[PDB]
Amino acid sequence: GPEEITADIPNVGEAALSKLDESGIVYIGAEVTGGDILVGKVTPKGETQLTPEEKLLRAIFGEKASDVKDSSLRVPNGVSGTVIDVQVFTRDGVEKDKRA
Amino acid sequence: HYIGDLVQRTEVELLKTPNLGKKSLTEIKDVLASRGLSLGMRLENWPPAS
Amino acid sequence: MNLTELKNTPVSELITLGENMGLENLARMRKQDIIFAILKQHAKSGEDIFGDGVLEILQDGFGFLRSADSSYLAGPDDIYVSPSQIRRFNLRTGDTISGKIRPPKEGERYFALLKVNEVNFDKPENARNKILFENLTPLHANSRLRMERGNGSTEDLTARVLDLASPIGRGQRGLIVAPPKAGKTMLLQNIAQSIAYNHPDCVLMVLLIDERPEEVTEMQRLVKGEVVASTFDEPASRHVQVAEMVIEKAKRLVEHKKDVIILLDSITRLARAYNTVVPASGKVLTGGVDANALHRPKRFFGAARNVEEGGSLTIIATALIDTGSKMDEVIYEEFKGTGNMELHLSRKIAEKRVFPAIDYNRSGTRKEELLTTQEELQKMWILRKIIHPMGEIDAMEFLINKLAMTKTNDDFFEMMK
Amino acid sequence: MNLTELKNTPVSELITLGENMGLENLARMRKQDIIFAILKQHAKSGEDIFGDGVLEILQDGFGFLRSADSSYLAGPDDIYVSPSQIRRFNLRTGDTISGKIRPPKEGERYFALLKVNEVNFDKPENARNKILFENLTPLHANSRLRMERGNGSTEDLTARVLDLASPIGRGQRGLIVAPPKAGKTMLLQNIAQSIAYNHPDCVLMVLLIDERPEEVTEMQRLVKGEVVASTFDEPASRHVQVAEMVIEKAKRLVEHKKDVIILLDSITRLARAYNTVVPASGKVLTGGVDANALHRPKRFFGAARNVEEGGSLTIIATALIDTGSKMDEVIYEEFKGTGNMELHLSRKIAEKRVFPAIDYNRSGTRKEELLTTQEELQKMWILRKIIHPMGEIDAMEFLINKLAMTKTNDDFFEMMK
Amino acid sequence: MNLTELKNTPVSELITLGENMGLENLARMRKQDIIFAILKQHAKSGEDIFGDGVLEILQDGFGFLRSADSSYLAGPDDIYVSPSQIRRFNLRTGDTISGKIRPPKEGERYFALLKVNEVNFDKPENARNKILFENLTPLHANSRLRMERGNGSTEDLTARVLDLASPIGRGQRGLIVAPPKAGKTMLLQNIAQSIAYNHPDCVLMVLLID
Amino acid sequence: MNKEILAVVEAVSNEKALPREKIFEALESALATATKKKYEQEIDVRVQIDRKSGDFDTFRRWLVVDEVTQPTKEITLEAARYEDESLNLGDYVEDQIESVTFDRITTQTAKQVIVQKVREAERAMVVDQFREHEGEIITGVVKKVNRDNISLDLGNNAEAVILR
RNA sequence: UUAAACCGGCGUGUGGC
Ligand SMILES: Nc1ncnc2c1ncn2[C@@H]1O[C@H](COP(=O)(O)OP(=O)(O)O)[C@@H](O)[C@H]1O
Ligand SMILES: Nc1ncnc2c1ncn2[C@@H]1O[C@H](COP(=O)(O)OP(=O)(O)O)[C@@H](O)[C@H]1O
Ligand SMILES: Nc1ncnc2c1ncn2[C@@H]1O[C@H](COP(=O)(O)OP(=O)(O)O)[C@@H](O)[C@H]1O
Ligand code: BEF
Ligand code: BEF
Ligand code: BEF
Ligand SMILES: [Mg+2]
Ligand SMILES: [Mg+2]
Ligand SMILES: [Mg+2]
């Protein structure tokens with residue numbers, strides 16, 4: 001499977017998801033102090049060889065798997081700041097999100 | 001105003017308090033009892049600060 | 001106070017009463033919406049409202065108190081009934097309940113009934129300890145319900161003819177088989193008026209399904225008793241709703257040992273609605289009717305019965321023929337064998353401006369000896385013997401002429417001498 | 001100024017008026033687009049425009065003032081109505097509103113109505129304090145609406161025959177059951193002309209649904225009154241839009257105690273559109289019609305009624321038969337039982353070039369004694385008695401010959417002597 | 001005990017018997033539901049109930065003991081019959097079976113028949129070793145079943161006429177061709193009464209459909 | 001939204017092991033476990049999604065007991081005056097309405113609960129395949145032995161136990 | 001067997017002392 005930036009982060013508080021937008025990238029002008037999610041890069045990890053029921057189930061429930069992987073960038077511990085510019089670049093063929 | 005008197009006020013005076021219904025009572029139960037406190041506790045030393 | 005107490009009167013008194021209550025412009029919203037706002041304000045005055053209505057049970061377990069004047073339909077004044085009452089008393093569908101109600105707090109829906117004070121015009125103790133309706137012992141019509149008025153009107157004959165064609169009694173199951181443009185409307189009108197005037201002891205419950213709203217207004221304010229109807233303004237869903245609701249009200253009232261007359265017109269449109277609201281079984285019958293489309297209509301039709309213990313349920317449902325297609329006729333067929341009382345009306349004679357054109361030949365009653373005394377039965381047998389060998393037009397003109405030449409039915413017997 | 005004041009006249013006067021206003025080439029854009037640009041310039045001159053239209057309410061709460069000449073459809077001159085007016089007066093659908101309007105600033109959509117000056121040709125105070133339509137008391141046709149013209153034309157018979165077959169009055173619900181190529185067009189044409197000429201007091205509202213544009217142009221500029229139509233150029237969405245909009249306009253006009261005649265042709269295409277715009281319930285009926293596909297058509301049909309307080313709504317909707325399939329016939333069936341006024345036309349006689357071919361046998365009116373005087377009713381009864389025993393062709397040729405041999409209807413009575 | 005033993009009597013005796021059993025208000029539920037609750041309590045007293053009914057076989061292989069008074073229909077007192085009995089004795093449809101039954105544990109459905117004690121009013125040994133019905137040799141009516149009552153009633157003629165029109169006997173196949181409103185009801189009534197009074201040896205099974 | 005859930009319940013392969021009723025009660029449990037994650041307040045939430053008619057509508061269970069910890073699910077033995085509850089046990093409320101709709105972790109919970117429910121249905125199937133001989137001698141090999149019970153196998157994944 | 005709790009390797013370049 002590929003890598004996604006869906007803002008549906010599992011096992012995280014709502015206070016950490018408050019800064020995020022609908023896409024998964026924080027708006028231009030929201031300051032951050034501690035380690036706070038600003039890219040919603042959660043992706044599957046679950047291996048193949050799943051029974052047909054598992055595959056049909058994860059297909060009928062959208063595109064969801066062992067997505068619990070955090071795999072998200074936060075600010076380094078110790079540095080504050082205020083985001084003022086976001087830069088995103090997609091590979092030819094990959095669908096462009098609304099923020100791009 | 002102060003819960004120093006509401007600590008001596010159990011849950012039997014919640015829905016008898018005027019206009020405590022579904023969502024206001026929900027907030028009262030949530031933001032009070034989740035912070036380690038219990039709604040209604042017997043004590044005898046709140047006046048003398050003891 | 002009571003909703004019907006505000007409902008018997010037009011929207012004008014409701015408007016001035018709301019102006020007394022000091023609210024927003026009432027005439028803008030609907031008059032039943034006016035009643036909702038008015039009861040909300042009355043509850044705001046710090047008093048417990050007293051409401052009443054018949055119970056409708058959904059899948060969730062709670063209930064709705066549908067009002068009589070709202071045609072037993074969904075309304076903003078339908079009192080919510082918490083499941084706890086169904087746990088304590090287990091009030092079934094059709095139970096007329098009156099009790100204390102409170103206003104709906106915000107985010108709620110309607111008024112909630114706190115405590116029941118009256119169960120079917122009786123103490124609540126009889127509600128729990130009572131014998132059920134489908135648990136009764138059905139019987140035949142023992143007591144005779146006379147139909148003639150007694151002062152000799154022109155449509156009074158329309159009642160006398162029944163007493164001369166086939167008697168009608170408590171607990172009977174009557175069918176009225178007639179084509180369109182035959183004279184069913186005025187017939188059931190004077191039938192209800194005669195039942196009310198001559199027999200005010202029984203509970204007159206006239207029913208109307210899918211007719212003109214002008215007909216509903218003419219029926220409601222002409223006859224004695226409650227008039228619930230559902231015209232074409234409501235789909236098959238509300239049709240079956242009002243039908244099952246009035247039938248369950250009748251079931252409960254018979255359980256309370258009371259007599260209920262249910263004059264329904266027509267049964268064919270009810271059957272069409274039923275066939276519309278049944279799941280498809282992958283097959284169709286002759287005429288275009290589903291297989292299981294007749295089960296619930298047959299239940300609703302056979303709900304009528306005469307009871308050993310107390311009360312009676314007598315339904316007179318009009319059957320419609322000459323519709324061009326088969327399915328309606330099919331209904332009629334499936335309904336001749338279940339009802340024990342047939343009454344057939346003539347349109348071929350009605351087009352001749354010959355009223356009332358009742359089919360004296362194919363009319364009849366099963367176990368009709370329990371519906372009339374001995375010598376009157378002998379005389380009716382001889383009278384039908386006289387009526388038989390003459391033609392249809394002959395019998396009908398003889399009927400109309402010699403009965404308009406009479407005033408009452410026993411006077412008719414004493415004149416035939 | 002008023003949009004209709006610029007709409008009664010063709011595109012040529014609009015072009016020269018825009019040239020007077022000094023704008024871009026007007027003939028290039030559409031004539032209603034011309035009117036939009038012209039009103040924009042007129043507002044640019046520093047004056048408050050005076051607009052009018054009937055209200056259409058969307059889900060958001062605001063309204064649109066659809067104009068009469070635009071067939072009650074979406075247009076660039078549909079005045080926006082802020083929700084504040086619906087909060088103050090609560091103007092419902094169909095309320096003819098006239099008042100002050102402002103131009104649309106950029107990034108806006110259309111003109112906005114500032115303050116209402118006329119509500120249904122009455123003061124705005126009557127708009128808030130008023131009794132509603134579905135809140136009325138429906139009744140039968142009390143006042144008779146004569147149809148004969150009085151100077152004896154050839155198609156004047158087409159009105160007389162109605163007065164001789166079955167009378168028509170205020171608040172009635174009329175059906176015209178006829179196959180294609182029978183003579184419905186000219187019939188409703190002379191019916192509207194006779195209603196307008198002989199009874200100019202009532203509001204003539206002719207309706208046309210899904211016909212030829214040439215037919216729409218022939219209808220609009222031939223009869224007295226407003227002519228709103230929606231041909232096949234518009235899908236079922238705009239069909240149901242114009243239908244509900246004219247029916248709500250009629251509801252409001254009856255609420256204001258006025259009589260509204262709604263001549264609609266045809267009801268079957270309206271039912272087809274309705275069946276097209278209903279959600280699927282996972283099942284189909286006989287003929288290919290959804291279950292709940294008839295609820296809203298039945299509402300639209302039963303909107304007609306006679307009122308105790310004031311005003312009347314009389315609809316004459318034409319039913320179409322001989323279409324080969326079942327569903328249309330199904331509609332017809334579902335519509336014979338709801339309307340209290342039937343009128344049937346003959347195509348088997350129309351192919352013989354025998355006009356007008358009205359079915360005198362199956363025509364009739366319920367409670368027709370309130371539609372005509374006493375002795376005229378006796379004479380009509382005797383005349384139908386004479387017409388009955390003869391054949392169809394016999395009755396029809398007798399009708400056409402002996403009525404063309406007469407000039408008026410009472411003259412016809414005095415000649416039959 | 002036996003369900004029919006509680007069924008011959010009206011709902012009133014069932015209500016007072018349930019009050020003797022000390023349960024919830026019985027009159028509220030149905031009388032056959034009353035019987036279900038009453039048998040549940042009787043089983044709670046620590047005794048094996050004795051039930052009876054005719055067998056109805058579904059596709060799964062188990063059976064239901066439909067009772068006589070319930071019109072051979074689905075009811076809460078339809079005794080479940082485990083497939084093991086159909087493996088041992090192979091009781092077919094219509095076999096009147098009487099035996100020991102137990103209460104339904106929770107999450108179950110109805111009472112379960114443990115051991116059969118009576119098979120068609122006979123020992124269970126005759127149930128396995130027996131010649132079948134469609135396996136028989138059909139014949140004509142040899143023995144005559146007289147119909148006249150013998151004391152001369154008015155509807156007694158309605159039996160005599162049959163004996164005068166066409167006799168009726170055992171094993172016959174009779175049709176009654178009649179239009180509506182002809183007199184079939186009272187006819188079959190006095191026919192059944194005459195068969196029962198004059199010939200009480202045979203099993204009278206009157207049937208009514210719709 | 002709800003049409004998607006209807007499509008899922010139409011597309012379930014084991015409609016016979018899990019018909020519509022068990023499917024929407026499983027979704028009841030799934031939305032309960034999801035609300036366990038939506039709010040830090042551990043509250044049991046029945047939602048009666050009304051599969052055939054419509055969609056979910058969130059409730060709140062009172063969990064009648066004299067305690068007060070997690071007061072979203074604490075009611076004494078008689079606190080049934082308000083709202084006309086009038087019930088000691090089982091009286092449950094509908095305070096919070098239309099909570100967080102389906103999201104990805106809600107679908108995760110629904111997926112895991114429905115697969116374990118298919119497993120429970122297969123357990124009912126092996127129950128049926130081992131039944132019909134209750135009270136008869138049966139052969140069986142054992143798998144594990146413990147101080148309190150032992151596990152037994154017969155074949156065809158037929159699992160049973162013999163207690164101490 | 002069951003329950004509870006917890007879970008910079010290398011090179012390069014630059015600059016500074
Ligand atoms: N008893 C009666 N006396 C006089 N006229 C009658 C009588 N019954 C029916 N009619 C006539 O029948 C017409 C209405 O018939 P209706 O009740 O609509 O028949 P249907 O119910 O079969 O359509 C009226 O115009 C009326 O003149
Ligand atoms: N009163 C009449 N006099 C003469 N011709 C008529 C009359 N009514 C109808 N027609 C004939 O009917 C034709 C139009 O029929 P039309 O109204 O379009 O059929 P439909 O009834 O299907 O709408 C015309 O060609 C005309 O000759
Ligand atoms: N022997 C008889 N003596 C007196 N009345 C009879 C006799 N036979 C039939 N009847 C009358 O005929 C009617 C027959 O009804 P029913 O038995 O229901 O006929 P069917 O069975 O054809 O429906 C009864 O109402 C009864 O009054
Ligand atoms: F025209 Be009738 F009322 F069927
Ligand atoms: F073709 Be017609 F107008 F029915
Ligand atoms: F012939 Be009847 F319907 F019994
Ligand atoms: Mg009628
Ligand atoms: Mg035409
Ligand atoms: Mg019979």
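### A look at the overall build of chain F
No. 1: A tally of helices and strands in chain F yields 3 helices and 3 strands.
No. 2: Compactness check: chain F gives a C-alpha radius of gyration of 21 Å against a globular reference of 15 Å for 164 residues, more than 25% above the reference.
No. 3: Viewed in the frame of its principal axes, chain F has a C-alpha envelope of about 60 × 40 × 25 Å.
No. 4: Counting over 164 residues, chain F shows a buried share of 34%.
No. 5: Expressed as a percentage of contacts within chain F between residues at least 6 apart in sequence, the contacts between residues at least 24 apart total 46%.
No. 6: In the form shown here, chain F has an accessible surface area of approximately 10,200 Å², with 52% of it arising from carbon and sulfur atoms.
No. 7: Across chain F, the centroid of the 24 positively charged side chains sits 6 Å from that of the 33 negatively charged ones.

### Considerations on the sheet that holds strand 1 (residues 141–145) of chain F
Think of a sheet as strands paired side by side through backbone hydrogen bonds, with each pair either parallel or antiparallel.
All names here are of chain F.
No. 1: The sheet built from 3 strands is open, its strands ordered 1-2-3 with antiparallel pairing. One side of each edge strand has no neighbouring strand; the edge strands of this open sheet are strand 1 and strand 3 (159–163). Averaged over all pairs of adjacent strands, the angle between their axes in this sheet comes to 30°, without regard to strand direction.
No. 2: Of the strand pairs in this sheet, strand 1 and strand 2 (residues 149–153) are connected by 3 bridges, and their pairing is antiparallel. Bridging from a neighbouring strand, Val141 pairs with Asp153 of strand 2.

### Some points on the interface of chain A and chain F
No. 1: With 12 residues of chain A at the contact, the number on the chain F side is 9 residues.
No. 2: The largest share of the area that chain A buries against chain F comes from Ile60, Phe61 and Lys64 of chain A, three residues that together contribute 46% of it.
No. 3: Taken together, chain A and chain F are joined by 2 salt bridges.
No. 4: The interface formed by chain A and chain F holds 3 residue pairs in polar contact in total.
No. 5: A per-class count over the side of chain A that touches chain F returns 7 nonpolar, 1 polar and 4 charged.

### Some thoughts on the site of ligand 2
All names here are of chain D.
No. 1: In the region of ligand 2, the neighbouring residues are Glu155, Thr158, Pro179, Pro180, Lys181, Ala182, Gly183, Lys184, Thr185, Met186 and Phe355.
No. 2: A distance of 2.7 Å separates an oxygen atom of ligand 2 from a polar backbone atom of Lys181.
No. 3: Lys184 has a polar backbone atom sitting 2.4 Å from an oxygen atom of ligand 2.
No. 4: Burial of ligand 2 by the surrounding chains reaches 67%, relative to a free accessible area of 570 Å².
No. 5: The element best represented in the shell around ligand 2 is helix 7 (residues 184–198), accounting for 3 residues.
No. 6: Here the residues of the shell around ligand 2 sort into 5 nonpolar, 3 polar and 3 charged.

### Observations regarding the site of ligand 1
No. 1: Ligand 1 sits among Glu155, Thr158, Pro179, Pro180, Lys181, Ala182, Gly183, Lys184, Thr185, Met186 and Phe355 of chain C together with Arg366 of chain D.
No. 2: In this structure, ligand 1 is bordered by residues of chains C and D.
No. 3: Note that an oxygen atom of ligand 1 is positioned 2.6 Å from one of the backbone N or O atoms of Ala182 of chain C.
No. 4: For ligand 1, an oxygen atom lies 2.9 Å from a polar atom in the side chain of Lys184 of chain C.

### Re the arrangement of the chains
No. 1: By contact count, the leading pair among the 7 pairs of chains in contact is chains C and D.
No. 2: Regarding chain A and chain D, the two do not touch, and the least distance separating their C-alpha atoms is 22 Å.
No. 3: The least C-alpha distance between chain A and chain E, which are not in contact, is 27 Å.

### What about the packing of aromatic side chains?
Residues and elements named next belong to chain D.
No. 1: According to the stated counting rule, one finds 16 aromatic pairs over all chains in the structure shown.
No. 2: For the ring pair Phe62 and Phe64, a centre distance of 5.5 Å and an interplane angle of 75° mean the geometry is edge-to-face.
No. 3: Residues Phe62 and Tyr80 carry aromatic rings whose centres are separated by 5.2 Å and whose planes lie at 35° to one another, so their mutual orientation is tilted. Of this pair, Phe62 sits in the loop between strand 1 (49–57) and strand 2 (63–66) while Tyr80 is found in strand 3 (residues 79–81), placing the two residues 18 residues apart along the sequence.
No. 4: You can call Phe62 buried: its relative accessible area is 12%.
No. 5: Its relative accessible area of 26% is what places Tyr80 among the partly exposed residues.

### Things to note about the pattern of salt bridges
No. 1: The full count for this structure, using the stated rule, is 68 salt bridges over all chains.
No. 2: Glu255 of chain D is the partner of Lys130 of chain D in a salt bridge, and the nearest nitrogen-oxygen pair spans 3.0 Å. Taken together, the positions of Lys130 of chain D in the loop between helix 5 (125–128) and strand 6 (138–139) and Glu255 of chain D in helix 9 (residues 236–255) put the pair 125 residues apart, joining distant regions of the chain. Each member of the pair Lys130 of chain D and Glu255 of chain D is classed as buried.
No. 3: Close ionic contact of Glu392 of chain D with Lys348 of chain D constitutes a salt bridge, the shortest N to O distance being 2.7 Å. Within this pair, whereas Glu392 of chain D is found in helix 14 (residues 392–404), its partner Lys348 of chain D is found in the loop between strand 13 (341–345) and strand 14 (358–365), the two being separated by 44 residues in sequence.
No. 4: A single salt-bridge network, built from bridges that share partners, covers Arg92, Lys130, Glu134, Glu248, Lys251, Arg252 and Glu255 of chain C.

### Remarks on the nonpolar core
No. 1: With 44 residues, the main nonpolar core has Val260, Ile262, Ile267, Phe300 and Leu313 of chain C as its most contacted residues.
No. 2: Elements supplying a minimum of two residues to this core: strand 7 (173–178), strand 8 (203–209), helix 9 (236–255), strand 10 (259–264), helix 10 (267–276), helix 11 (295–302), strand 12 (312–320) and helix 12 (327–336) of chain C.
No. 3: If one sorts the elements of this core by residue count, helix 9 of chain C sits on top with 9 residues.
No. 4: Beyond its immediate sequence surroundings of up to four residues, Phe300 of chain C is in contact with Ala243, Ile247, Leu264, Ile267, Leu270 and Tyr274 of chain C.
No. 5: Membership of the second largest hydrophobic core comes to 43 residues, among which are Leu207, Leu253, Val278 and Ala304 of chain D.

### Things to note about helix 12 of chain C
Owing to its 3.6 residues per turn, the α-helix aligns residues three or four sequence positions apart on the same side.
No. 1: For helix 12 of chain C, the complete set of buried residues consists of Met327, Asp328, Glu329, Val330, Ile331 and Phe335 of chain C.
No. 2: Contacts from the buried residues of helix 12 of chain C go to strand 7, helix 10, helix 11 and strand 12 of chain C together with helix 12 (327–336) of chain D.

### Concerning a positive patch on the surface
No. 1: A cluster of basic residues, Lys336 and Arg366 of chain C together with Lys181 and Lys184 of chain E, forms a positive patch on the protein surface.
No. 2: Tracing the backbone through its elements, the reader meets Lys184 of chain E in helix 7 (residues 184–198).
No. 3: Exposure remark for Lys184 of chain E: the relative accessible area of 33% places this residue in the partly exposed category.

Calculation notes
- Residues numbered from 1 in each chain as written, not as in the entry; some residues may be left out.
- Chains lettered and ligands numbered in written order.
- Part of a larger assembly, values for the part shown.
- Heavy atoms only, no water.
- Helix = DSSP H or I, 4+ residues; strand = E, 2+ residues; numbered from the N terminus.
- Rg over C-alpha atoms; globule rule 2.2 N^0.38 Å.
- Buried < 20%, exposed > 50% of the residue type's maximum accessible area, 1.4 Å probe, protein only.
- Contact = heavy atoms within 4.5 Å.
- Areas by Shrake-Rupley, 256 points an atom, 1.4 Å probe, with all protein chains shown as cover.
- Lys, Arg positive; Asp, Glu negative; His and termini not counted.
- Charge placed at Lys NZ, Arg CZ, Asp CG, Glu CD.
- Pairing = 2+ DSSP bridges.
- Axes fitted to C-alpha atoms, helices over the stretch in contact; angles between N-to-C directions.
- Buried area = accessible area lost by both parts, 1.4 Å probe.
- Salt bridge = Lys/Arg side-chain N within 4 Å of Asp/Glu carboxyl O.
- Polar contact = N/O pair within 3.5 Å; in protein donor to acceptor, adjacent residues only side chain to side chain.
- Nonpolar A, V, L, I, M, F, W, Y, C, P; charged D, E, K, R; others polar.
- Near = heavy atom within 4 Å.
- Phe/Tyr/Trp six-rings, centres within 6.5 Å; stacked < 30°, edge-to-face > 60°.
- Core = buried A, V, L, I, M, F, W, Y, C linked by side-chain atoms within 4.5 Å.
- Patch = residues over 30% accessible without salt bridge, like charges linked within 9 Å, V, L, I, M, F, W, Y side chains within 5 Å.

As far as function goes, none of this settles anything; it's purely spatial.
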